[PDB]
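Heads up: the structure comes next, in C-alpha cells.
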Amino acid sequence: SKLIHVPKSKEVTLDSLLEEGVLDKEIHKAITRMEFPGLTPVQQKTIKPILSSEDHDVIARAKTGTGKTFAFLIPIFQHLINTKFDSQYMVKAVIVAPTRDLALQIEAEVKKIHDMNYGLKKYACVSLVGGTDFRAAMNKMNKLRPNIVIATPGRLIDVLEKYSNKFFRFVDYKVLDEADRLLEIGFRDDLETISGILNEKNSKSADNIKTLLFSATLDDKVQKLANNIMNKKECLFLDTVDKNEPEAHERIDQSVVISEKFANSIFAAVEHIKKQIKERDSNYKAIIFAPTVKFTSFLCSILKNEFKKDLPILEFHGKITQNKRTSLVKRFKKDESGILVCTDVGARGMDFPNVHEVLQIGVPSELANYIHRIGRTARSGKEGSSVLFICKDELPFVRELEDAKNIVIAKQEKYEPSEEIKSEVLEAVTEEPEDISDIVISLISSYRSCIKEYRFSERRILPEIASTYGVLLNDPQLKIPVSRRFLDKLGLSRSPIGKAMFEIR
RNA sequence: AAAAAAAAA
Ligand SMILES: Nc1ccn([C@@H]2O[C@H](COP(=O)(O)OP(=O)(O)O)[C@@H](O)[C@H]2O)c(=O)n1
Ligand code: BEF
Ligand SMILES: [Mg+2]
C-alpha cells in the first residue's frame with residue numbers, strides 16, 4: 001500500500017477550522033469551553049487530514065503528554081455530526097487500547113466533551129472492557145445505542161463474536177491508540193481478528209473503514225505490521241518529530257542511579273523519596289515502576305511501613321480487581337500528592353496531572369516503554385524529572401537505549417547503601433522466607449525474558465538478581481532453597497548458572 | 001514461574 005511522510009508551518013486554531021468549514025459549530029464550543037492555550041502541534045497536523053475526502057489511513061506520531069487523545073477524538077465527533085441522519089443507532093468508530101484503565105480514560109475524555117456541550121450527548125459512548133459485568137455493558141449498549149466504542153482487544157472480540165450484526169455493521173473509523181504495542185506479538189493476532197470481523201461485516205464495502213494509528217514511539221516498520229489491518233491504498237505518516245530526534249520528551253530531566261547490587265536500588269529509591277518528601281515538605285506526587293507484580297506488592301509493603309505516615313501509597317497492577325483499579329486511578333488523578341507503585345499497566349497512555357517525577361526500580365518490559373514510563377510526567381506543558389535505579393549489570397540497557405532509542409541519560413550517579421538504612425528497611429519486612437522466594441524467582445523469570453532484547457549477560461545478570469534473596473535476609477552467602485524437580489523445570493540444570501543461584505534442598 | 005490482554009485471565 002502507498003505510504004507518504006510529512007515531517008514538521010502555518011498555525012491552526014479552533015476558530016480557523018471553524019471558518020474553513022472542516023469543523024461544525026457544536027464541536028467548537030466543547031474544546032473552546034475547555035479553555036486550552038491552543039491546539040497541540042499534533043492536533044493541528046492531524047485533524048484536517050482525517051476528515052479529508054480522500055480515501056486514506058494515517059499513522060501519526062507525537063511525544064508523550066501532547067493531547068494525542070483529542071487529536072483523533074475530535075475528528076470522530078466531527079464525522080458523527082456529518083452523518084447524524086444516517087445510521088444514528090450504530091457504532092461508527094471503534095477505539096482500541098492496550099490496558100483497561102486507558103480505555104476507560106479515553107471514555108472519560110469523551111465524557112468531558114459531553115460536559116462542555118450537552119448537545120453532543122446524542123452521540124453516546126460505551127466502554128467494552130474486561131473485568132466489568134458483561135451483561136451490564138450490552139444492556140448499556142442497547143439502551144444508549146452509541147456511535148463511539150472504546151474497548152480492550154479481548155473483551156471487544158467477545159462482544160464482536162456475539163453481537164456484530166447489531167452494532168458494528170456501519171463502522172467508518174478504527175483507532176489504534178498505542179498502536180505499536182497493539183501490533184506487538186500477543187496483540188497482533190487479536191487486532192487482525194478485530195479488523196477482519198469489522199471489514200467482513202461493513203455494509204458498504206470491506207475497505208470502507210479508515211484506520212488511525214497513534215503512539216509516542218513509532219517508525220515506518222509499523223506500516224508493515226499493520227498492512228493486514230489497513231484497507232486504504234494511501235497512508236499518511238504525520239510526524240511532529242525529526243527522524244533522529246529522541247522520541248522522549250525534552251522537558252523531562254532524566255537521571256540514572258547506578259548501583260553495585262540489584263537490591264541496593266531499593267535502598268537508593270527510599271533515600272531519594274525520603275529526601276524528596278522533606279525537601280518538598282510532603283506535597284509530593286510520584287510514580288514508581290517495577291518489573292514484576294510480586295515485587296510491586298513487596299515494594300509497596302516497604303513504602304507503606306516507611307512513608308504511609310507522610311503520603312498515601314497506592315498499589316496498581318493486573319492482579320488487583322478491576323473495581324479497585326478504576327477507583328485508585330480516579331483518586332490519583334485528583335490527589336495532589338501520593339506514591340503510585342505500579343507495573344507496566346500504567347506505563348502507557350494513563351494521564352495523572354501534575355506528577356513531579358517518575359521512579360524506576362529496574363527496567364521496563366519493553367525498551368520503548370522507557371519512553372512511555374517517564375512520559376507520565378511533564379504532560380500538558382508541565383515540567384518533571386525521572387530517576388532510573390539500576391545496578392552494575394543493567395548498563396547494557398542504558399547503552400542499548402543510546403544505540404537504538406537514541407536516548408542517553410545526561411546525569412549518571414553511582415550509589416552504595418549505608419548500613420544504618422539497610423537495618424531500617426530489612427527490619428520493616430513482614431514477609432516470611434517462603435514468600436520472599438516467590439518475589440525473587442519472579443524477578444529472575446522477568447529478567448531472563450529480556451536478555452536478548454537488552455543485550456544483557458545471562459552469565460552475570462541472572463546470578464546478581466537471584467542474589468537479592470540473600471540480601472533481604474542479610475545473608476549474601478545464602479541461596480534460594482529449591483527441589484531438584486523445580487530446578488530442572490527451569491532448564492538451568494544444563495548451565496553453571498543454575499548452581500550459582502540455587503541450592504538443592 | 002514471567003508485563004498486558006474475553007463473562008474459565
Ligand atoms: N490541546 C490540548 C490537548 C490535551 N490537553 C491536555 O493534555 C492531557 C493529556 O493529553 P493526552 O494524554 O491526550 O496526550 P498523549 O499523552 O496521549 O499524547 C489532557 O488531560 C488534556 O487536559 C491540553 O491541555 N490541550
Ligand atoms: F499517550 Be501518550 F504516550 F502519553
Ligand atoms: Mg495517549
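Note on naming: chains are A, B, ... as they come in the C-alpha cells, residues start from 1 per chain, ligands start from 1 in the order shown.
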
Worksheet item: Would you name the residues within 8 Å of ligand 3, counting only C-alpha atoms (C1' of nucleotides) and all ligand atoms, and put them as a PyMOL selection string?
Response: chain A and resi 64-65+67-69+177-178+214-215+348-351

Worksheet entry | Within-10 Å residues of ligand 1, basis only C-alpha atoms (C1' of nucleotides) and all ligand atoms, as a PyMOL selection string | chain A and resi 13-14+31-32+34-44+61-73+102+105-106+108-109+112+177-178+214-216+333+348-353+372+375-382

Would you save the residues of that selection, restricted to C-alpha atoms, as a PDB file, in the first residue's frame?
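Contents of selection_19.pdb, freshly written:
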```pdb
ATOM      1  CA  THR A  13      -6.647  27.051  15.621  1.00  0.00           C
ATOM      2  CA  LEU A  14     -10.223  26.287  16.669  1.00  0.00           C
ATOM      3  CA  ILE A  31     -12.999  22.353  23.086  1.00  0.00           C
ATOM      4  CA  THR A  32     -13.381  26.128  23.350  1.00  0.00           C
ATOM      5  CA  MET A  34     -12.146  23.696  27.983  1.00  0.00           C
ATOM      6  CA  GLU A  35     -10.043  26.857  27.721  1.00  0.00           C
ATOM      7  CA  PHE A  36      -6.779  25.452  26.354  1.00  0.00           C
ATOM      8  CA  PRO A  37      -3.901  27.742  25.287  1.00  0.00           C
ATOM      9  CA  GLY A  38      -4.358  26.335  21.797  1.00  0.00           C
ATOM     10  CA  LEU A  39      -4.254  23.177  19.706  1.00  0.00           C
ATOM     11  CA  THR A  40      -1.269  20.861  20.109  1.00  0.00           C
ATOM     12  CA  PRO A  41       1.165  20.648  17.149  1.00  0.00           C
ATOM     13  CA  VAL A  42      -0.002  17.077  16.513  1.00  0.00           C
ATOM     14  CA  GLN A  43      -3.675  18.069  16.756  1.00  0.00           C
ATOM     15  CA  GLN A  44      -3.199  20.840  14.200  1.00  0.00           C
ATOM     16  CA  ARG A  61       3.326  10.145  15.917  1.00  0.00           C
ATOM     17  CA  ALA A  62       3.690  12.677  18.735  1.00  0.00           C
ATOM     18  CA  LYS A  63       5.586  12.772  22.040  1.00  0.00           C
ATOM     19  CA  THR A  64       4.016  11.952  25.404  1.00  0.00           C
ATOM     20  CA  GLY A  65       1.568  14.315  27.102  1.00  0.00           C
ATOM     21  CA  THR A  66       0.738  16.225  23.918  1.00  0.00           C
ATOM     22  CA  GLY A  67      -3.030  15.765  23.522  1.00  0.00           C
ATOM     23  CA  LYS A  68      -2.901  12.770  21.175  1.00  0.00           C
ATOM     24  CA  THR A  69      -6.284  11.731  22.567  1.00  0.00           C
ATOM     25  CA  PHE A  70      -8.303  14.717  21.312  1.00  0.00           C
ATOM     26  CA  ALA A  71      -6.068  14.647  18.229  1.00  0.00           C
ATOM     27  CA  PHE A  72      -8.182  11.756  16.928  1.00  0.00           C
ATOM     28  CA  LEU A  73     -11.159  12.118  19.272  1.00  0.00           C
ATOM     29  CA  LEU A 102      -6.588   3.591  29.404  1.00  0.00           C
ATOM     30  CA  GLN A 105      -9.708   7.087  30.441  1.00  0.00           C
ATOM     31  CA  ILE A 106     -10.425   7.721  26.754  1.00  0.00           C
ATOM     32  CA  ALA A 108     -13.803   9.745  30.399  1.00  0.00           C
ATOM     33  CA  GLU A 109     -12.346  12.183  27.870  1.00  0.00           C
ATOM     34  CA  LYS A 112     -15.635  15.649  29.079  1.00  0.00           C
ATOM     35  CA  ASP A 177      -4.019   4.129  20.448  1.00  0.00           C
ATOM     36  CA  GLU A 178      -0.511   2.973  21.419  1.00  0.00           C
ATOM     37  CA  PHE A 214      -1.170   6.792  17.310  1.00  0.00           C
ATOM     38  CA  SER A 215       1.806   6.465  19.667  1.00  0.00           C
ATOM     39  CA  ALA A 216       4.851   8.254  21.103  1.00  0.00           C
ATOM     40  CA  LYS A 333      -5.835  11.719  39.153  1.00  0.00           C
ATOM     41  CA  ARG A 348       1.356   3.936  28.525  1.00  0.00           C
ATOM     42  CA  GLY A 349      -1.399   6.459  27.961  1.00  0.00           C
ATOM     43  CA  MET A 350      -2.576   6.962  31.545  1.00  0.00           C
ATOM     44  CA  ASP A 351      -2.717  10.652  32.419  1.00  0.00           C
ATOM     45  CA  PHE A 352      -2.102  11.760  36.007  1.00  0.00           C
ATOM     46  CA  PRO A 353      -1.962  15.575  36.178  1.00  0.00           C
ATOM     47  CA  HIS A 372       6.373   5.827  27.920  1.00  0.00           C
ATOM     48  CA  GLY A 375       6.174  10.172  29.811  1.00  0.00           C
ATOM     49  CA  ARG A 376       3.821  10.049  32.799  1.00  0.00           C
ATOM     50  CA  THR A 377       5.342  13.350  33.955  1.00  0.00           C
ATOM     51  CA  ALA A 378       5.897  16.626  32.074  1.00  0.00           C
ATOM     52  CA  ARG A 379       2.470  16.414  30.430  1.00  0.00           C
ATOM     53  CA  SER A 380       0.429  19.339  29.074  1.00  0.00           C
ATOM     54  CA  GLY A 381       3.350  21.763  29.102  1.00  0.00           C
ATOM     55  CA  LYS A 382       4.211  20.787  32.672  1.00  0.00           C
TER      56      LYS A 382
END
```

Fill in: Contacts of range 1-4 of chain B within 9 Å, only C-alpha atoms (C1' of nucleotides), excl. fewer than 6 positions in-chain, as an MDAnalysis selection string
chainID A and resid 98:99 186 291:293 318 343:345 364:366 438 441:449 490

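For range 470-480 of chain A, the list of residues within 9 Å, based on only C-alpha atoms (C1' of nucleotides) and with local chain neighbours fewer than 3 positions off taken out, reads residues 263, 422, 426, 429, 433, 436, 437, 440, 441, 466, 467, 500, 501, 502, 503 and 504 of chain A.
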
Keeping C-alpha atoms, export the residues of the selection given above as an mmCIF file, in the first residue's frame.
```cif
data_model
loop_
_atom_site.group_PDB
_atom_site.id
_atom_site.type_symbol
_atom_site.label_atom_id
_atom_site.label_comp_id
_atom_site.auth_asym_id
_atom_site.auth_seq_id
_atom_site.Cartn_x
_atom_site.Cartn_y
_atom_site.Cartn_z
ATOM 1 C CA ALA A 263 18.696 -4.917 45.840
ATOM 2 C CA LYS A 422 19.589 -1.489 55.404
ATOM 3 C CA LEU A 426 15.341 -5.029 56.282
ATOM 4 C CA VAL A 429 9.633 -6.715 56.195
ATOM 5 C CA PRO A 433 11.129 -16.589 53.896
ATOM 6 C CA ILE A 436 10.305 -13.748 49.739
ATOM 7 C CA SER A 437 11.428 -16.581 47.455
ATOM 8 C CA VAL A 440 12.823 -13.158 43.741
ATOM 9 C CA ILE A 441 12.004 -16.099 41.454
ATOM 10 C CA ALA A 466 18.822 -14.029 42.399
ATOM 11 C CA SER A 467 21.410 -12.897 44.957
ATOM 12 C CA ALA A 500 25.218 -20.122 41.208
ATOM 13 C CA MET A 501 21.687 -19.045 42.193
ATOM 14 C CA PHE A 502 20.090 -22.054 43.906
ATOM 15 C CA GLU A 503 20.639 -24.825 46.453
ATOM 16 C CA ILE A 504 19.221 -28.338 46.084
#
```

Worksheet item: What does the distance between CA of residue 183 in chain A and CA of residue 249 in chain A come to in Å, to one decimal place?
Response: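 According to the coordinates, CA of residue 183 in chain A and CA of residue 249 in chain A are separated by 22.9 Å.
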
Worksheet item: Using the chain letters and numbers from this document, which residues of range 231-313 of chain A does DSSP assign to helix (DSSP H, G or I), as number ranges by chain?
Response: A: 264-280, 293-307

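Distances here use only C-alpha atoms and all ligand atoms; by that measure, the residue among A:159, A:179, A:80, A:150 closest to ligand 2 is A:179.
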
Worksheet item: Quick one: DSSP strand (DSSP E) residues in range 3-232 of chain A, as a VMD selection string?
Response: chain A and resid 3 to 6 56 to 61 93 to 96 125 to 128 148 to 151 173 to 177 210 to 215

Worksheet item: Using only C-alpha atoms (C1' of nucleotides), which residues sit within 9 Å of residue 5 in chain B once same-chain residues fewer than 5 positions away are excluded, as a list in words?
Response: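 Near neighbours after the sequence-gap exclusion: residues 98, 99, 100, 130, 152, 153, 154, 155, 186 and 187 of chain A.
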
Worksheet item: Skipping near chain neighbours, those fewer than 4 positions away, what residues fall within 9 Å of residue 254 in chain A using only C-alpha atoms (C1' of nucleotides), listed as a PyMOL selection string?
Response: chain A and resi 374+384-388+408-411

Practice prompt. Compile the contact shell of residue 311 in chain A as a ChimeraX atom specification: residues with an atom at most 12 Å away, counting only C-alpha atoms (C1' of nucleotides), same-chain residues fewer than 3 positions apart removed.
Written response: /A:273-274,276-278,280-286,303-308,314,332,335-340

Discussion item. Report, in Å with one decimal, the straight-line distance from CA of residue 428 in chain A to CA of residue 301 in chain A.
Written reply: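 Computing the Euclidean distance for CA of residue 428 in chain A and CA of residue 301 in chain A yields 8.6 Å.
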